[PDB]
Amino acid sequence: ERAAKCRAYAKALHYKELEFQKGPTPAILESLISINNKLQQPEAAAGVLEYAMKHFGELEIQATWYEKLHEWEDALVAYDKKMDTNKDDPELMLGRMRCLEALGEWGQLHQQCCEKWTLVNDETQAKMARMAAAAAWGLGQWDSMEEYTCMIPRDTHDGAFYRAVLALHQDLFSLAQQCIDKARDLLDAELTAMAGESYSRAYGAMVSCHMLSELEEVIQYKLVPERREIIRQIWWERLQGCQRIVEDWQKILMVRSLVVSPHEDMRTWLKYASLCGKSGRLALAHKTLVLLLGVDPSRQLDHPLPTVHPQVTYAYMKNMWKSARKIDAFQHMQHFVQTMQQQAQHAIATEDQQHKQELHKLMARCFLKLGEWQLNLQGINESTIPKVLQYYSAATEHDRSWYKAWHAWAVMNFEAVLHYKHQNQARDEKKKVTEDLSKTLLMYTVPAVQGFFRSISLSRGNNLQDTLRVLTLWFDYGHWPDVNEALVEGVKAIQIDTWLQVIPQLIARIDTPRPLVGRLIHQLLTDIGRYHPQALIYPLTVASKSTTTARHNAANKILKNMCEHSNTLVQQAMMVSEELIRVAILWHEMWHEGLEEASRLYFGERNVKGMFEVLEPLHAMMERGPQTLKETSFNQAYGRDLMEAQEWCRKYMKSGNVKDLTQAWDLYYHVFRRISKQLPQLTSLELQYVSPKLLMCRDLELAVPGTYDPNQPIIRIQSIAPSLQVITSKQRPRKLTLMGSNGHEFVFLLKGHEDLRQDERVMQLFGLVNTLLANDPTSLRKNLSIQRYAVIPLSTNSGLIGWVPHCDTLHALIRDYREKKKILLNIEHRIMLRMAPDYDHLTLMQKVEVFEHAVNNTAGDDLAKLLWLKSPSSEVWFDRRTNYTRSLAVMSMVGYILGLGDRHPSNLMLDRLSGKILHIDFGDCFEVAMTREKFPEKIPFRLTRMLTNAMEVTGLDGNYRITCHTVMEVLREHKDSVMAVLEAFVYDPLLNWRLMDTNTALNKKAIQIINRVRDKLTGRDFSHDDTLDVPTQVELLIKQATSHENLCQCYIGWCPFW
Amino acid sequence: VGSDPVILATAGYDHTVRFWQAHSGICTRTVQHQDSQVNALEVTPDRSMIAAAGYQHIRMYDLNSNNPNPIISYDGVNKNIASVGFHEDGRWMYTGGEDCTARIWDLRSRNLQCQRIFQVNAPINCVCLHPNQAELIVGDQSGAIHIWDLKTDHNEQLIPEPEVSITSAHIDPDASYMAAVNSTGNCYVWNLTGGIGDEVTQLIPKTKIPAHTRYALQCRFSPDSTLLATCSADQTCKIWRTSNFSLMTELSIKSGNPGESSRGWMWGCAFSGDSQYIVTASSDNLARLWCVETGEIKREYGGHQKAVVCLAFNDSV
Ligand SMILES: Nc1ncnc2c1ncn2[C@@H]1O[C@H](COP(=O)(O)OP(=O)(O)OP(O)(O)=S)[C@@H](O)[C@H]1O
Ligand SMILES: [Mg+2]
Ligand SMILES: [Mg+2]
């Protein structure tokens, strides 16, 4: 029955929304926040209020709006403004009070209550009591509580509650016992009274039921003395666990206050004060801390801080920093740490080791703040570098373990290196210089390398960043002995597991010319070969078949080395990859692209030297003889013609005729026509004709491409399915499918002519972002993530891509819907051209009209609608949407940092079972798309009309924007991890080719790209001088993504109207 | 066709420049203008030939030889040409381009090249010549208006509200007022300190008229200097009084029911010589002759298949 109750609601929402579609009314808007709330969807409803605000300032009073937005702090100062200008007004006061009882401002709530007791209004007399009871509760004053409780009716759950508390204080336990049970029942009957359309009072019921059960434990804590440990444990655990907003925890602690004073709970209230600071409620955290110290809100401001309770002082100090007073905060630290090391070195008479330890770990935390604060106050320069390096080393001394400290020390050293290197490119822009430079850099490099090592071993699961950094120093430093020894040390020291994370980055430099670097790489790879080969074969096999000599040589060495222990694996892998490459682009498919290219150079460019270079690899390609039926069947129908078309070519090479060369093209154009006809006939490939070796394969020990991970039992290629559907396209990729040794099937897409190596790094980046999101509690609460797919490169030409089930391209879903509803697929386009035959050449202004014209005469539902019709129920429909909204927003931000261009409606798809969204084709990364000459993208990511429409009405204000901040906030917190990854492949040597396409050294261009990224992660993407906070930046972006001026400029294919 | 006292030219997306006889709505001649839409039309002060600024060219058809094709073409400039203007003394021509340049062309010599170039960051939408022939006013998409002294080559720039694109600018014959209109739909009016002849020529702000909610596309002073016209994407040409800066007369073409989705933008206007009448270019394929005082449609120039984005209107003896 319960699962069926939300169904009718979800069903009503669909219509209630559809109504709003036709005419937005305050009526509907009311019955919308409510239904969205029964559906326990808080943030989507928060979006409805945003729209309610921006279109109807009509439940009025800016203080009433701040109150509904739970922004009590703004509503309180907005109510004061409204009170001092106006009069008494009995409603303005209640609001002014509600703000105080949320904020936990008992001092002002009790005062406001008594000091204003004319209250001739009798309803003003009823509410008044409830609040002023709890206010009196927080302020100790029990007399006041009793008075104000005597005015709360025992009919209300509230009135029954405060009696249980008054009794428990005065020690009347039978009274207290009954009052609880009455308060429960008066709350049970009340949750059915407002059966859904209520406040966060259904969520605050858990607050009252929590408190009532806790208040029964406070009962347990009064006469029978045996649970003082059992009770404190649950109280302690159901806290670190529990995640209830500041205000609720106040109340919960107030229950525990009846029995334990904060001075015995310490750890409890320190954690609570710790939460208040993190959720930016400082003035409250302060008051909790002042209480625990038992000393002034330091009104004695020039005095030193008390060291009575080392832990509390520390909190205070960081509260002071996070507060306004941060030179002051810094100052108290230096001095506190000094007091702390003396309080150790002297006061430690042996029979106190636990205290010494806990005192040494506190200091490490102090030193880390010290360095960190020093940096924030001064920056990085010849004077700070040594200080913070001392601060961090000091932190490293006092905790030894602790990732934070070793990390901090590593990064500081690493940034010392950077500081001088970037200071020296400053010098060289305008012999004893380099010798002192080499001394300088070497001085910080070695410890950086060292630091990153001890820090990596302290993560284990979470060290992609630190690991990548190790490689930066390792590759960048053309190797000085000192830095090498440090590396070798570390490599031995740290687990092999680690490096798997980073295999493509290592293989990137197999052929390093620096002899000291290669040796370590080659050795380290070999050892990774020893434990976890599999993790190594595919990527090595690729490398071993490479035009560049130094690569494939060095790759074979490690492969040879791997045969000494895993030979038949190496052998299987070798062949499977070989055969797949043959299958990817068949013989005629190559001759077709090679004949087009050959006729462009000759008949359209007069280039016979370049043309001969297009055909000669194709002729020698067949010179080897056919090896498959499909190769021989080609060799029949075409072989002799070609073998003699070359004969004429090689008569002209020596004769230099032009009639010799025209006999060749006479023959060449013959086979072209033949093949071109057969090309739309390839819609399936059969293994037995195309590659028999692959059909032959049974129970291999090679793993299913990109399924290997330790932890998980190895899944091997047990069989390859005999047929491959050829996806008839421009590149005609194959849809290969493999049978796994676990039973389950594994489908891939075998692509012939796209260097998959980029797509691989992007998936790496996504993986990290996925962890980051899984680790941020909010992002986890919401399930936020990027769906990724396996990317297994096979050559520079080809590779494999994981097939994602249940997906259709945006373009497909639409092609279907429009044909279903008898709408011409490309109608916005045909409208635009009817209006303006020369659309592409119009001025900006001219275009926006035509664009708007198209949009205004075509439906924007499609996607929204086809998703409704699809769904088997309405809760399934509702959820698929929630998933869709969120996942799209995730990739909007992530995609932005990546600079992910070219997001036309065939490059993103929607999973039809969860509704979550999926991006493919990562060819255009970093500003590339926007920098291009012809049709430059103006868009940061596609937030197009049908995508907007498909979310909830009140779209962008709701789930989308909220999720946008969340994701972005995570990305900014972890800006280095993200940049470690991104730096790794902007500067990757074999990957730099995708930016020299700005034509249609690189050292300088690569610098730009990465800055443009840091700019985005620091909120400096827009103006050079501002430093925009998240919601500003997000707003700016959504704006940009939505601008008609931007969209109308998009290459038509991009479908700026879908 | 230039021999008629009244020259009326209409150009747009349908590859023709049609000429009309003002008083009757009959289309006189029509000229082929293929490969591009027409961005601006201006008739030379000499009444000999009309200029058609388009995409990467300014073609110039002859009003006297009553028949042929472009006398002169100008080329070798990439992206659109948005504004044209002529200097009284027969020989100079000015242009604003998407290529971010204000160019001065010598009509009495050869060269696809232009005599001068004034480059800005961000594309130029409008270019107009102060009646003193000594200064060019140039509005760009960043929102900067540039006064470019044609003598000192001294550039001086002024931005109003902008981070917003200024769409057109104009300056009354008596050089007392300068106006500029932008994409927000605002209209800015400045007072003109007639420095001139050993020049200063200063701009003093007077009002910002909230002329439109949507894009404002052109602005123009009557010969009178009595009125200021403002064409917009809200399908409206609003005529403002210069004494008041209040709304005298609204000309509009917007359905008569909210469920129509518009049909047509008010792309351009030109006043008649006597400031009594006003011509109107719209995207609904028509030019229109209005009576400035009544706001009465006195004629409708039907002909163009596709949109109309241009007018030129001439009254000289
Ligand atoms: N990771 C994937 N999961 C599921 N389906 C996919 C995946 N990648 C591609 N497809 C499907 O395969 C079709 C072929 O598109 P692509 O994989 O991009 O090949 P393509 O022919 O190179 O595409 P271009 O370059 O845009 S013409 C797409 O329309 C998708 O439906
Ligand atoms: Mg694609
Ligand atoms: Mg592709």
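Residue numbering in chain A adheres to Swiss-Prot, whereby the residues present occupy positions 1385-1814, 1867-2436, 2492-2549 in order.
Recorded method is X-ray crystallography, 3.3 Å.
Note: Cβ is positioned from N, Cα and C throughout, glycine not excepted.
Swiss-Prot records ubiquitin cross-link for one of A:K1867, A:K2066, A:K2166, namely A:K2066. Between the candidates A:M2268, A:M2345, A:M2366, Swiss-Prot assigns the ATP site shared with A:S2165, A:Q2167, A:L2185, A:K2187, A:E2190, A:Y2225, A:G2238, A:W2239, A:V2240, A:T2245, A:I2356 to A:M2345. When A:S1663, A:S2155, A:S2159 are compared with the annotations in Swiss-Prot, the one labelled phosphoserine turns out to be A:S2159. Record check of A:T1734, A:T2068, A:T2164, A:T2318 in Swiss-Prot: the feature phosphothreonine is attached to A:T2164. Residue counts for the region 'Sufficient for interaction with the FKBP1A/rapamycin complex' (A:2012-2144) by DSSP state, with H, G and I taken as helix and E and B as strand, are 100 helix, 4 strand, 29 coil.
Gap of 55 unmodelled residues flanked by A:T2436 and A:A2492; Cα separation 17 Å.
At the Cα atoms, A:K1814 lies 16 Å from A:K1867, with 52 residues between the two left unmodelled. Residues of the same chain lying 6 or more positions beyond the ends of the domain 'FATC' (A:2517-2549) and with a Cβ under 8 Å from any Cβ of it are 2246-2247, 2250, 2264-2265, 2268, 2275-2276, 2280, 2283-2284, 2286-2288, 2290-2291, 2294, 2298-2299, 2328-2329, 2332, 2338-2341, 2371-2384, 2392, 2397, 2400-2401, 2404-2405, 2408, 2509-2511. Taking a C-beta cut-off of under 8 Å and a sequence gap of six or more, A:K2066 (ubiquitin cross-link) has these contacts in its own chain: A:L2022, A:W2023, A:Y2125, A:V2126. Cβ atoms under 8 Å from those of the repeat 'TPR 11' (A:1694-1731) belong to residues 1650, 1654, 1657-1658, 1661, 1666, 1669-1670, 1673, 1676-1677, 1688, 1740, 1743-1744, 1746-1747, 1749-1751, 1753-1754, 1757-1758, 1760-1761 of the same chain, restricted to positions at least 6 beyond its ends.
Residue counts for the domain 'FATC' (A:2517-2549) under DSSP (helix as H, G, I; strand as E, B; rest coil) come to 20 helix, 0 strand, 13 coil.
DSSP assignment over the repeat 'TPR 11' (A:1694-1731) gives 33 helix, 0 strand, 5 coil.
When the region 'Activation loop' (A:2355-2380) is classified with DSSP, helix, strand and coil residues number 4 helix, 1 strand, 21 coil.
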